[PDB]
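S.K.: Quick one: this structure, given as structure tokens, is what I'll be asking you about.
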Amino acid sequence: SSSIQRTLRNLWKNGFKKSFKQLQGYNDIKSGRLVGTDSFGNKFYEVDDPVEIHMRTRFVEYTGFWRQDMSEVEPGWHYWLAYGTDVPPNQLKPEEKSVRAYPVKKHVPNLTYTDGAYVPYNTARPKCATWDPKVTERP
Amino acid sequence: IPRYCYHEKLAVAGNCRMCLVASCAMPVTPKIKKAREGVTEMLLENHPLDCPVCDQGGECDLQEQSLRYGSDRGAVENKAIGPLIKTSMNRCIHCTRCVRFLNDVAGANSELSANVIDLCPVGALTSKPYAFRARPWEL
Amino acid sequence: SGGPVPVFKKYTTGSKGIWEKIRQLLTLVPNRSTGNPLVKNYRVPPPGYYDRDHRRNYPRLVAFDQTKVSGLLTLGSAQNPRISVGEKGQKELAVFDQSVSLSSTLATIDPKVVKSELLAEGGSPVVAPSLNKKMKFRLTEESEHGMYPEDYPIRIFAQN
Amino acid sequence: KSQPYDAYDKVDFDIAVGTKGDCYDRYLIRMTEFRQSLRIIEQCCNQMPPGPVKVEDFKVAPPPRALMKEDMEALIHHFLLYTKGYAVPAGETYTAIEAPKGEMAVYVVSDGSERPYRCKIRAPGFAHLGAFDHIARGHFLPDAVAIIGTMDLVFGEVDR
Amino acid sequence: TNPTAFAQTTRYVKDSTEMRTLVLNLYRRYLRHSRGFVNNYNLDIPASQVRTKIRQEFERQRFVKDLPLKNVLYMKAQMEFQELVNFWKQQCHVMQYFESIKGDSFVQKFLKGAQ
Amino acid sequence: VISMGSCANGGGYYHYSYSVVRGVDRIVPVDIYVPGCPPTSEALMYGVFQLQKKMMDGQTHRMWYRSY
Amino acid sequence: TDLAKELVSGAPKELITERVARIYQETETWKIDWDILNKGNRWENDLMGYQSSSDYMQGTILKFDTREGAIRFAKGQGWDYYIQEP
Amino acid sequence: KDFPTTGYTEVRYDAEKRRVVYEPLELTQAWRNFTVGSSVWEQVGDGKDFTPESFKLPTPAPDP
Amino acid sequence: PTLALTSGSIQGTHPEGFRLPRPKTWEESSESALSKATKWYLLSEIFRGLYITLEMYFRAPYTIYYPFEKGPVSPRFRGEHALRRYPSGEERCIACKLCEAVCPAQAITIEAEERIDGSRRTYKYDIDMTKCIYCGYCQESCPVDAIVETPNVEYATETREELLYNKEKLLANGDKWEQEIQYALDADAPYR
Amino acid sequence: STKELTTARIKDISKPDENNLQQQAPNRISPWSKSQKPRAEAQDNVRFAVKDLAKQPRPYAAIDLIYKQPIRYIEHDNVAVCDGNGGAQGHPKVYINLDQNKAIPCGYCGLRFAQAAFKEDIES
Ligand SMILES: CCCCCCCCCCCC(=O)OC[C@H](COP(=O)(O)OCC[N+](C)(C)C)OC(=O)CCCCCCCCCCC
Ligand code: SF4
Ligand code: SF4
Ligand code: SF4
Ligand code: SF4
Ligand code: SF4
Ligand code: FES
Ligand SMILES: [K+]
Ligand SMILES: [Zn+2]
């Protein structure tokens, strides 16, 4: 798993363009079978290489080239990447697939350090209402 | 000595059978423990599974006497009696405490008719303005 | 016993072909596994009433002051009675309804009674009772426990 | 061994005992316990019995969810367990176990309610650190590092 | 084992005359170490002000009558002394000790919500 | 400064204790807060990666040129 | 009995000078709680609506087995107290 | 038992003083007392006696 | 007849051979002087330790490349909280306040009333994530499975305010993570 | 108008525009509870001065979604049984009486059950 034969073998499979991207973020040239792609654009791969060690059989390719944020991974594939399930969310049974009664928009990553960061607030009204003053003529 | 139908401010009843040694009506052990378990199951035979959504939850006499003197293993339409008492008769344990107050003390639509919420040991009759707003351990 | 086990009988990833022979040639202890879990065997399937009311039959906390302890040496016990009968019986027990010093009781009583109840085994002192009477130990040897030989400054104790 | 608890009486293991009472003796003892635990782990894996894992009492343990949503008595016990807890009869206890650091014990006082009246936690590292001045006198500054590490001091346990 | 520096063994004094001498001896030790307190804790006040502060605390308990309260007060005063001399207190705690200090009228408190 | 875990963030289990600071940000400025009791190693690494992302957005020398 | 144990307790002076305690039998034990502050007992947090407080005795409820114990303890601490007769 | 669980004072760093200082306690969310849900009934009974017969007082015999 | 006659005990008896034997002298060794000096001067055991270390240099390391790879997770994992809906879009929580009472850290604040349509619903559900101990008691106590912890762990924030989750934030997490929540519930269903 | 944004009503009087960030929910304009703070008043704070309102969490209102489900109808029975449509992962099972001539919602789900013989009256 640390030999140069594995690296050269994976370098030949991916090509220069894909391997140079792995040489910039991944720190490791790796190859695998495309398993799916989430709604954010990440590509998820699985490795059949017999020399890969236990926890390294699944990996992600991020959309960016210089920065990679783990929160960009869609929740469907977040569980699969962590070996939570052997069924990728693009192979789910009709019964096992969640049913939503609201529209589903594009995956939004963690918004901290941006203007979109979550702002907490009290969702309840004031517990007492002040009297609205009304004046009546004195008889 | 457990009870559901005993209250010294009202007339004597023997329609709950939880005071066996009915000691409430009668003037002055494993069988008794078994008897209390047997009576407790009868009340819970038809009782709806409403404790999470029921206002008597933390202050329910049926709950406490099911825990204390019972085993741990085991459809009536509502009515309207005014905007002050919320009626869910599915939970009634048929103890006739409401009848004794409404006819003997109240004399009835009354200025005291809201006291039946106190006497009803279960969530059959509950305060309507108070509904769903608090739990007795919060107060 | 937990003697040495060959490397191929351990659920790790080893060597193959010419590289296994080389590994056996250059390892001081060649039967030691590499420690890397097997991919094809390890974690392949991913994880994704009153009769029994013993709490309410709890033992009751009962204390023994000098008054009741004196009563046992004087009046005996319910298992080994030494008490009178009738109205005489109730006269003697009502003596221990108020303060009765045990040191005063120990002054005037037959030692044949003290050595039978207060002490044990005919005057033998009462020894601190053990929490587990099955606690025994025995020294063993390296051919048994498999740990360090005798020249190391520790020893191994078995159940005995 | 002294006060067995929770299926330690149904397994086999040996205790390593030193003779010189220094840091090297305790290192060997802790290395033996490594192998004695692995001996127990194998036995438990081969002797795990079937049956319930929690006490069959819904006044202490939560009922299953499937039973909670169909049985009225299960729903009451689930409601009461999570809103009041369970009452514990009044009393007190001093229960000790063989914690990896040493003897860890708790002195719990119950007032008959669903909250503990008093809970004193006896920390093995608290007593070990109270003997450090007696042990470390004479030794040099690098030896204090060894003495600290041979006591297995986790200060959350010490301070709590 | 050995006790830390400036440690005294705890003893329950049963004589008011003997208690009075022990208090006066300790009061002298506070005054003598006053210049040390200014040095170690880097205070912004002269040692003369420190000695004045010490006297005020001793003057607060001047008229305590009960002997059992005297022993507990004396024991706690010894612990504080051992704490200050050995530099166990952090400098922030000693600085705030000298940070300690006209009450408003009824209307003044009424306007701001009082206490 | 990275604040890790519920104790350092806001006190956590010991929030209502007489001897606990209810958040390390009462004493020192905090740049990122990592949640969890404890945060996993990956949760901490993610927090570090967020800080490294913010550090790569620093404009200290262009601040001198364009803001001073 | 008459010892000023508040001098060596370590509690602040306001328990003796300002705060007032109540002794009551609520139905088998006697309890001691403190009367609320006129101001500062509660105030709504503007951020998340939490109930803020500056009353450090708000959650303290002493328990006693007899009426004599509750009164004796309160006097021993120099507390200003009133007994709520049952 | 009379010492409140949150104490009386709290620390914070004072920018003007350049140091950490103690201040009287104030809580953004006061501690909530759910303990008031103490059962109006007793749960455990009177228990079962396990005193050894060798330590119980003897009983007088009936009349001859 | 016990050992109580001599104040003895069964536990007091040391086993046979408990007393340490006589310590050896210089003449009672098994190795010659040159044998012990060759292991000493030539550092026999030190060189062996180096060789063992050099063996590890040729083995596969354990390191995984986070965030491109993730460590294993289980359906019982406790992470970021989220409120859940029924498939129809209705909230599961009936504002029953069970999770508020259980919560060991008192990190949950609930205010409830009657909805306009008449349902027992909450209008205020806050979890202080800087106070929670991620202990799962709220999830275990919920009778409708409304409150859950998702396997998410990567939600670190710049400010401490962002860790004050209100009902809108918690419901948004439930919508975001509903599919991953479904994985854990289905797998962990038999054991709950 | 500021009235449909700060008052609690049974039904919205106008069409909910999901791009309007002043609405209580993307699908509902007015708050659905009397103690619920209007979303317009909540966002008028110092902490929202330089924040992007579009990215703030805005879950859809459950009150609007639950009532778009069709009324369930029972044939040849007077009692409706509901258990969350999930069994062990639904809600506790309850029995709903259908004597009255109206649709009675479930105590947990909110699904409104009715008798088929009462269909025409309820649809009116
Ligand atoms: C060639 C130049 C490099 C190495 C030079 C020094 C090597 C050690 C010499 C003293 C040996 C000695 O004293 O031997 C004493 C011992 C063994 O003897 P025992 O305990 O009685 O054996 C017990 C009975 N048997 C004989 C049946 C086994 O041997 C050793 O532990 C040998 C360890 C060498 C393995 C590691 C080799 C690589 C080391 C790193 C090199 C960079
Ligand atoms: S009346 Fe009591 S037992 Fe029945 S649902 Fe309500 S709380 Fe539960
Ligand atoms: S409605 Fe309430 S008070 Fe009346 S009989 Fe039923 S349980 Fe008793
Ligand atoms: S793991 Fe939890 S209790 Fe421990 S230090 Fe971290 S936040 Fe505190
Ligand atoms: S996980 Fe535990 S501490 Fe966290 S909110 Fe739930 S009950 Fe409270
Ligand atoms: S336990 Fe579940 S239903 Fe009850 S208040 Fe909490 S989230 Fe809502
Ligand atoms: S209390 Fe006597 S039968 Fe009801
Ligand atoms: K009621
Ligand atoms: Zn339903």
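By convention in this document, the chains of the structure tokens carry letters A, B, ... by their order, each chain's residues are numbered from 1, and ligands are numbered from 1 in the order they are shown.
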Can you pull out every residue within 6 Å of residue I:122, counting only C-alpha atoms, but drop anything in the same chain fewer than 4 positions away, and send it as number ranges by chain?

M.R.: I: 95, 111-112

S.K.: What residues in chain H get the DSSP label strand (DSSP E)? Please answer as a list in words.

M.R.: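 Residues of chain H classed as strand (DSSP E): residues 9, 10, 11, 12, 13, 14, 19, 20, 21, 22, 23 and 24 of chain H.
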
S.K.: Applying 12 Å and only C-alpha atoms, which residues near residue F:19 remain after dropping the ones on its own chain fewer than 4 positions away? List them as a PyMOL selection string.

M.R.: (chain D and resi 159-160) or (chain F and resi 11+14-15) or (chain H and resi 4-11+22+25)

S.K.: As a ChimeraX atom specification, which residues of chain H does DSSP assign to helix (DSSP H, G or I)?

M.R.: /H:34-37,53-55

S.K.: Please check which protein, DNA or RNA residues sit within 7 Å of ligand 4, counting only C-alpha atoms and all ligand atoms, and write them as an mmCIF file with N, CA, C and O atoms, in the first residue's frame.

M.R.:
data_model
loop_
_atom_site.group_PDB
_atom_site.id
_atom_site.type_symbol
_atom_site.label_atom_id
_atom_site.label_comp_id
_atom_site.auth_asym_id
_atom_site.auth_seq_id
_atom_site.Cartn_x
_atom_site.Cartn_y
_atom_site.Cartn_z
ATOM 1 N N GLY F 5 -14.858 20.715 22.295
ATOM 2 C CA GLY F 5 -15.694 20.030 23.258
ATOM 3 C C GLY F 5 -16.658 20.957 23.977
ATOM 4 O O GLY F 5 -16.498 22.174 24.006
ATOM 5 N N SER F 6 -17.675 20.348 24.589
ATOM 6 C CA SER F 6 -18.723 21.129 25.238
ATOM 7 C C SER F 6 -18.214 21.883 26.459
ATOM 8 O O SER F 6 -18.694 22.986 26.738
ATOM 9 N N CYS F 7 -17.266 21.308 27.204
ATOM 10 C CA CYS F 7 -16.707 22.003 28.361
ATOM 11 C C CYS F 7 -16.094 23.335 27.957
ATOM 12 O O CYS F 7 -16.387 24.376 28.554
ATOM 13 N N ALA F 8 -15.222 23.317 26.950
ATOM 14 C CA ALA F 8 -14.551 24.539 26.536
ATOM 15 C C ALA F 8 -15.497 25.478 25.806
ATOM 16 O O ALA F 8 -15.346 26.701 25.899
ATOM 17 N N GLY F 12 -20.750 22.651 29.170
ATOM 18 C CA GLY F 12 -21.135 21.269 28.931
ATOM 19 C C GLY F 12 -21.840 20.650 30.119
ATOM 20 O O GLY F 12 -22.774 21.223 30.688
ATOM 21 N N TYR F 13 -21.391 19.449 30.491
ATOM 22 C CA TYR F 13 -22.003 18.721 31.597
ATOM 23 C C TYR F 13 -21.859 19.472 32.910
ATOM 24 O O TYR F 13 -22.682 19.309 33.815
ATOM 25 N N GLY F 36 -19.100 18.517 20.283
ATOM 26 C CA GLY F 36 -19.035 17.104 20.594
ATOM 27 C C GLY F 36 -18.622 16.847 22.025
ATOM 28 O O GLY F 36 -18.041 17.724 22.667
ATOM 29 N N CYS F 37 -18.915 15.657 22.543
ATOM 30 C CA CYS F 37 -18.523 15.279 23.901
ATOM 31 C C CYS F 37 -18.010 13.849 23.952
ATOM 32 O O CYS F 37 -18.716 12.932 24.389
ATOM 33 N N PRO F 38 -16.768 13.617 23.530
ATOM 34 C CA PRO F 38 -15.831 14.548 22.901
ATOM 35 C C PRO F 38 -16.071 14.631 21.409
ATOM 36 O O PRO F 38 -16.703 13.751 20.836
ATOM 37 N N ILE I 133 -24.111 16.982 25.995
ATOM 38 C CA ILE I 133 -23.021 16.029 26.134
ATOM 39 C C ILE I 133 -23.139 14.891 25.131
ATOM 40 O O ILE I 133 -22.428 13.890 25.254
#

S.K.: Hey, what's within 10 Å of residue I:175 if we count only C-alpha atoms and toss same-chain stuff fewer than 2 positions away? As an NGL selection string, please?

M.R.: (:A and (100 or 102 or 104)) or (:I and (82-85 or 89 or 170-173 or 177-179 or 181)) or (:J and (59-60))

S.K.: Restrict the distance test to only C-alpha atoms, flag each residue of chain I within 12 Å of chain B, and return the flagged residues as number ranges by chain.

M.R.: I: 92-102, 109-115, 118-124, 141-144

S.K.: Could those selected residues go to a file with N, CA, C and O atoms, as an mmCIF file, in the first residue's frame?

M.R.:
data_model
loop_
_atom_site.group_PDB
_atom_site.id
_atom_site.type_symbol
_atom_site.label_atom_id
_atom_site.label_comp_id
_atom_site.auth_asym_id
_atom_site.auth_seq_id
_atom_site.Cartn_x
_atom_site.Cartn_y
_atom_site.Cartn_z
ATOM 1 N N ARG I 92 -43.005 15.171 13.738
ATOM 2 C CA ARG I 92 -43.257 14.053 14.632
ATOM 3 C C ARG I 92 -43.446 14.499 16.075
ATOM 4 O O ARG I 92 -44.216 13.875 16.810
ATOM 5 N N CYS I 93 -42.778 15.570 16.495
ATOM 6 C CA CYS I 93 -42.821 15.965 17.896
ATOM 7 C C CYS I 93 -44.210 16.448 18.285
ATOM 8 O O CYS I 93 -44.789 17.314 17.625
ATOM 9 N N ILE I 94 -44.733 15.889 19.371
ATOM 10 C CA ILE I 94 -46.002 16.312 19.933
ATOM 11 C C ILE I 94 -45.794 17.229 21.138
ATOM 12 O O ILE I 94 -46.700 17.393 21.950
ATOM 13 N N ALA I 95 -44.604 17.814 21.272
ATOM 14 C CA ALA I 95 -44.293 18.742 22.358
ATOM 15 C C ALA I 95 -44.557 18.112 23.723
ATOM 16 O O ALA I 95 -45.060 18.757 24.642
ATOM 17 N N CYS I 96 -44.206 16.837 23.853
ATOM 18 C CA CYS I 96 -44.485 16.071 25.057
ATOM 19 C C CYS I 96 -43.484 16.321 26.180
ATOM 20 O O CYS I 96 -43.750 15.926 27.320
ATOM 21 N N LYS I 97 -42.341 16.941 25.878
ATOM 22 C CA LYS I 97 -41.366 17.386 26.877
ATOM 23 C C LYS I 97 -40.740 16.228 27.649
ATOM 24 O O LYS I 97 -40.302 16.396 28.787
ATOM 25 N N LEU I 98 -40.685 15.042 27.044
ATOM 26 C CA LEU I 98 -39.937 13.948 27.653
ATOM 27 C C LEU I 98 -38.439 14.202 27.564
ATOM 28 O O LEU I 98 -37.718 14.068 28.556
ATOM 29 N N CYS I 99 -37.959 14.592 26.382
ATOM 30 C CA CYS I 99 -36.528 14.790 26.183
ATOM 31 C C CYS I 99 -35.989 15.927 27.036
ATOM 32 O O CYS I 99 -34.814 15.914 27.415
ATOM 33 N N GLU I 100 -36.822 16.924 27.331
ATOM 34 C CA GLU I 100 -36.383 18.017 28.187
ATOM 35 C C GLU I 100 -36.098 17.530 29.602
ATOM 36 O O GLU I 100 -35.127 17.965 30.229
ATOM 37 N N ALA I 101 -36.932 16.625 30.120
ATOM 38 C CA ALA I 101 -36.768 16.163 31.493
ATOM 39 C C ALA I 101 -35.591 15.206 31.627
ATOM 40 O O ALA I 101 -34.890 15.221 32.645
ATOM 41 N N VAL I 102 -35.365 14.357 30.623
ATOM 42 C CA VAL I 102 -34.289 13.374 30.710
ATOM 43 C C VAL I 102 -32.930 14.047 30.620
ATOM 44 O O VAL I 102 -31.982 13.645 31.302
ATOM 45 N N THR I 109 -34.656 23.197 25.647
ATOM 46 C CA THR I 109 -35.687 24.113 26.116
ATOM 47 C C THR I 109 -36.882 24.027 25.180
ATOM 48 O O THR I 109 -36.738 24.214 23.969
ATOM 49 N N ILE I 110 -38.057 23.755 25.741
ATOM 50 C CA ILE I 110 -39.272 23.542 24.966
ATOM 51 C C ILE I 110 -40.365 24.460 25.492
ATOM 52 O O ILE I 110 -40.592 24.529 26.705
ATOM 53 N N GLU I 111 -41.038 25.162 24.585
ATOM 54 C CA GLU I 111 -42.275 25.865 24.896
ATOM 55 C C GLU I 111 -43.346 25.405 23.922
ATOM 56 O O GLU I 111 -43.116 25.381 22.710
ATOM 57 N N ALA I 112 -44.511 25.044 24.450
ATOM 58 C CA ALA I 112 -45.572 24.455 23.653
ATOM 59 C C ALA I 112 -46.898 25.145 23.928
ATOM 60 O O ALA I 112 -47.091 25.788 24.962
ATOM 61 N N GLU I 113 -47.810 24.999 22.975
ATOM 62 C CA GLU I 113 -49.185 25.464 23.096
ATOM 63 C C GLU I 113 -50.007 24.728 22.046
ATOM 64 O O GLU I 113 -49.534 23.776 21.419
ATOM 65 N N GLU I 114 -51.242 25.172 21.848
ATOM 66 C CA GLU I 114 -52.118 24.573 20.855
ATOM 67 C C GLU I 114 -51.941 25.294 19.527
ATOM 68 O O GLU I 114 -52.010 26.525 19.468
ATOM 69 N N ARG I 115 -51.709 24.528 18.466
ATOM 70 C CA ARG I 115 -51.554 25.127 17.153
ATOM 71 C C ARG I 115 -52.874 25.746 16.701
ATOM 72 O O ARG I 115 -53.934 25.524 17.293
ATOM 73 N N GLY I 118 -55.235 23.287 15.823
ATOM 74 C CA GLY I 118 -55.672 22.545 16.985
ATOM 75 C C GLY I 118 -54.758 21.434 17.448
ATOM 76 O O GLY I 118 -55.126 20.704 18.373
ATOM 77 N N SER I 119 -53.583 21.286 16.848
ATOM 78 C CA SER I 119 -52.676 20.198 17.177
ATOM 79 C C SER I 119 -51.749 20.584 18.322
ATOM 80 O O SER I 119 -51.420 21.756 18.515
ATOM 81 N N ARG I 120 -51.333 19.577 19.088
ATOM 82 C CA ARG I 120 -50.391 19.756 20.192
ATOM 83 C C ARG I 120 -48.990 19.853 19.604
ATOM 84 O O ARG I 120 -48.309 18.850 19.390
ATOM 85 N N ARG I 121 -48.554 21.080 19.338
ATOM 86 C CA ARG I 121 -47.290 21.332 18.668
ATOM 87 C C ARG I 121 -46.495 22.369 19.441
ATOM 88 O O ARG I 121 -47.059 23.214 20.140
ATOM 89 N N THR I 122 -45.178 22.301 19.305
ATOM 90 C CA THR I 122 -44.299 23.268 19.936
ATOM 91 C C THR I 122 -44.031 24.438 18.999
ATOM 92 O O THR I 122 -44.053 24.299 17.773
ATOM 93 N N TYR I 123 -43.802 25.606 19.594
ATOM 94 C CA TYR I 123 -43.341 26.776 18.864
ATOM 95 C C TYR I 123 -41.915 27.160 19.222
ATOM 96 O O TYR I 123 -41.357 28.062 18.590
ATOM 97 N N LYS I 124 -41.317 26.497 20.207
ATOM 98 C CA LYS I 124 -39.960 26.783 20.651
ATOM 99 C C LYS I 124 -39.293 25.472 21.029
ATOM 100 O O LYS I 124 -39.734 24.800 21.963
ATOM 101 N N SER I 141 -35.688 8.605 24.716
ATOM 102 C CA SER I 141 -36.916 8.928 25.427
ATOM 103 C C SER I 141 -38.049 9.374 24.515
ATOM 104 O O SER I 141 -39.195 9.431 24.970
ATOM 105 N N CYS I 142 -37.769 9.690 23.260
ATOM 106 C CA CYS I 142 -38.804 10.201 22.368
ATOM 107 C C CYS I 142 -39.763 9.083 21.989
ATOM 108 O O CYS I 142 -39.320 8.045 21.482
ATOM 109 N N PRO I 143 -41.070 9.239 22.213
ATOM 110 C CA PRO I 143 -42.016 8.173 21.871
ATOM 111 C C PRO I 143 -42.474 8.190 20.423
ATOM 112 O O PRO I 143 -43.246 7.312 20.032
ATOM 113 N N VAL I 144 -42.029 9.152 19.619
ATOM 114 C CA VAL I 144 -42.456 9.246 18.229
ATOM 115 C C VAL I 144 -41.239 9.352 17.323
ATOM 116 O O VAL I 144 -41.370 9.599 16.120
#

S.K.: Can you check which residues of chain J have any atom within 10 Å of chain A? Use only C-alpha atoms and format it as a ChimeraX atom specification.

M.R.: /J:27,33-39,41-43,45,47-48,50-57,59-62,65-66,68-69

S.K.: So that each row is one residue of chain D with an atom at most 8 Å from ligand 2, can you give its shortest atom pair and the distance in Å to one decimal, using only C-alpha atoms and all ligand atoms, rows by chain and rising number, as a tab-separated table?

M.R.:
residue	atom	partner	partner_atom_place_in_ligand_line	distance
D:72	CA	ligand 2	3 (S)	7.8
D:75	CA	ligand 2	8 (Fe)	7.9
D:76	CA	ligand 2	8 (Fe)	6.4

S.K.: Save the residues we just selected, C-alpha atoms, as a PDB file, in the first residue's frame?

M.R.:
ATOM      1  CA  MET D  72     -50.408   0.628  27.578  1.00  0.00           C
ATOM      2  CA  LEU D  75     -45.988   3.278  27.641  1.00  0.00           C
ATOM      3  CA  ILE D  76     -46.680   4.229  31.264  1.00  0.00           C
TER       4      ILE D  76
END

S.K.: Per residue of chain A within 7 Å of chain C, which atom pair is closest and at what distance in Å (one decimal), using only C-alpha atoms, listed by chain and increasing number, as CSV?

M.R.:
residue,atom,partner,partner_atom,distance
A:53,CA,C:39,CA,6.6
A:54,CA,C:39,CA,4.9
A:83,CA,C:46,CA,6.5
A:84,CA,C:48,CA,5.3
A:85,CA,C:48,CA,5.0
A:86,CA,C:46,CA,6.9

S.K.: Counting only C-alpha atoms, which residue out of F:9, F:53, F:59, F:35 sits closest to residue I:79?

M.R.: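 Using only C-alpha atoms, residue I:79 sits closest to F:35.
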
S.K.: Report the closest atom pair, with its distance in Å rounded to one decimal, for each residue of chain H that has an atom no farther than 12 Å from chain B; count only C-alpha atoms, sort by chain and then rising residue number, and write it as JSON lines.

M.R.:
{"residue": "H:31", "atom": "CA", "partner": "B:138", "partner_atom": "CA", "distance": 11.5}
{"residue": "H:32", "atom": "CA", "partner": "B:138", "partner_atom": "CA", "distance": 7.8}
{"residue": "H:33", "atom": "CA", "partner": "B:138", "partner_atom": "CA", "distance": 7.1}
{"residue": "H:34", "atom": "CA", "partner": "B:137", "partner_atom": "CA", "distance": 5.1}
{"residue": "H:35", "atom": "CA", "partner": "B:137", "partner_atom": "CA", "distance": 7.0}
{"residue": "H:36", "atom": "CA", "partner": "B:137", "partner_atom": "CA", "distance": 5.5}
{"residue": "H:37", "atom": "CA", "partner": "B:137", "partner_atom": "CA", "distance": 4.6}
{"residue": "H:38", "atom": "CA", "partner": "B:137", "partner_atom": "CA", "distance": 8.3}
{"residue": "H:39", "atom": "CA", "partner": "B:64", "partner_atom": "CA", "distance": 8.3}
{"residue": "H:40", "atom": "CA", "partner": "B:64", "partner_atom": "CA", "distance": 9.0}
{"residue": "H:41", "atom": "CA", "partner": "B:64", "partner_atom": "CA", "distance": 8.0}
{"residue": "H:42", "atom": "CA", "partner": "B:68", "partner_atom": "CA", "distance": 8.3}
{"residue": "H:43", "atom": "CA", "partner": "B:68", "partner_atom": "CA", "distance": 6.2}
{"residue": "H:44", "atom": "CA", "partner": "B:68", "partner_atom": "CA", "distance": 8.5}
{"residue": "H:45", "atom": "CA", "partner": "B:68", "partner_atom": "CA", "distance": 9.7}

S.K.: I'd like the interatomic distance between atom 5 (S, counted along the ligand's line) of ligand 3 and atom CA of residue B:4, to a tenth of an Å.

M.R.: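 Atom-to-atom, atom 5 (S, counted along the ligand's line) of ligand 3 to atom CA of residue B:4, that is 9.5 Å.
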
S.K.: Per residue of chain I within 9 Å of chain G, record the nearest atom pair and its distance in Å to one decimal, counting only C-alpha atoms, with rows in chain order and ascending residue number, as JSON lines.

M.R.:
{"residue": "I:109", "atom": "CA", "partner": "G:50", "partner_atom": "CA", "distance": 8.1}
{"residue": "I:126", "atom": "CA", "partner": "G:48", "partner_atom": "CA", "distance": 8.1}
{"residue": "I:164", "atom": "CA", "partner": "G:48", "partner_atom": "CA", "distance": 7.8}
{"residue": "I:166", "atom": "CA", "partner": "G:48", "partner_atom": "CA", "distance": 8.0}

S.K.: Starting from chain H, keep only residues with some atom at most 7 Å from an atom of chain C, counting only C-alpha atoms, and report them as a PyMOL selection string.

M.R.: chain H and resi 44-45+47-50+53-63

S.K.: Quick one: residues within 12 Å of residue E:1, only C-alpha atoms, excluding same-chain residues fewer than 3 positions away - as a list in words?

M.R.: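 Near neighbours after the sequence-gap exclusion: residues 130, 131, 132, 133, 134, 135, 136 and 137 of chain D; 4 of chain E.
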
S.K.: Using only C-alpha atoms, which protein or nucleic acid residues come within 9 Å of residue B:30? Drop anything in the same chain fewer than 2 positions from it, and give the result as a tab-separated table (two decimals) with N, CA and C atoms, in the first residue's frame.

M.R.:
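What ended up in part-v3.tsv:
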chain	number	residue	atom	x	y	z
B	32	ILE	N	-53.81	-9.89	48.27
B	32	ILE	CA	-54.15	-8.49	48.05
B	32	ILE	C	-53.26	-7.88	46.97
B	33	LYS	N	-51.96	-8.21	46.99
B	33	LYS	CA	-51.07	-7.73	45.94
B	33	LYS	C	-51.50	-8.26	44.58
B	34	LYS	N	-51.87	-9.54	44.51
B	34	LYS	CA	-52.38	-10.09	43.26
B	34	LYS	C	-53.69	-9.42	42.86
B	35	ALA	N	-54.55	-9.14	43.84
B	35	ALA	CA	-55.83	-8.49	43.54
B	35	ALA	C	-55.62	-7.10	42.95
C	50	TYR	N	-45.58	-9.46	41.79
C	50	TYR	CA	-45.18	-9.50	43.20
C	50	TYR	C	-44.25	-10.67	43.48
C	51	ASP	N	-44.34	-11.74	42.70
C	51	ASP	CA	-43.40	-12.85	42.85
C	51	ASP	C	-41.98	-12.45	42.47
